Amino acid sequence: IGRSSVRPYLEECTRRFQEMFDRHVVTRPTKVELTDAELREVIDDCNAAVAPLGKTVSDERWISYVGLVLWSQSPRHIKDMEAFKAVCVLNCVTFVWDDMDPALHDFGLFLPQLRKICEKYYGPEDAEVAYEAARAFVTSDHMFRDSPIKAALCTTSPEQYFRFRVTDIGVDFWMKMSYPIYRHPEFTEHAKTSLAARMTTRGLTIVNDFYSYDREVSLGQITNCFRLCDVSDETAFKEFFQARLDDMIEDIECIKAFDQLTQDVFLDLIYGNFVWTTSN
């Protein structure tokens, strides 16, 4: 699996993902607009949060990361741009954290910076919800490095793998820091029960996994669902890829039973993630 690649399938799978979204989601992703002042505030807060780790990060790097939030959130339904900036900052600094050598992970310096971001942008209750989700996420990543649990869950079956990824891909965290953006009671409850995360995990993870496969297997990373099939066998791969598209479609069609605003947000997230993933 160390020298395997999905490169033969890259164009066809991209085309098929886009065809699926065009058929099943229809509504095209749009990019949330930040003013120059708002982007500056976001970048200032990102830099302050990773400064204690000695990180200098370029504006260009921060802006590439924040594009995920601008594309994946749902601009029609935004009601709180302070929460929106918080998600921009939290997303960005977690990306930088996840790219660092783990041996330099100083939780004592980083967790208080996450808390500071949450207390700046959210009300008291929401700040605790967002902070706990951020804490749980980065703590999980640390716990499962070389854990037998990760090996068991990621190699047993797609169901066990996606069960691990509800947390490990970050979508529970994303939902629990994003609901204040929308101030929509139903969405808030689905975020807090993690049903929102459970409904969107496969569509986010399958896309992310396909486009990270070559890099991740080159680094010995096992958290990728395409490791569960023999990608070098075109027949096995196409069968597995179709099964994953079927998973995404079943989730999308189930999401359409949610209330209109919630379904818009869930579907914008899955489709926006795909656009951002393929653009950068």
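One rule holds for the numbers: they count along the sequence shown, beginning at 1.
As the entry records it, the average C-alpha temperature factor is higher for 107-115, out of 107-115 and 173-181. As recorded in the PDB entry, 50-58 is the stretch of 50-58 and 63-71 with the greater mean C-alpha temperature factor.
When the C-alpha B-factors of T155, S194, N208, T200 are ranked from the entry, the top spot goes to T155.
In this PDB entry, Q221 carries a Cα temperature factor that places it within the highest third of its chain's modelled residues. For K120, the recorded CA temperature factor ranks within the highest third of the chain's modelled residues. Split the chain's modelled residues into thirds by C-alpha temperature factor. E33 is in the highest one. In this PDB entry, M20 carries a Cα temperature factor that places it within the middle third of its chain's modelled residues.
Annotation for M100: C-alpha temperature factor in the highest third relative to the rest of the modelled chain, per the entry.
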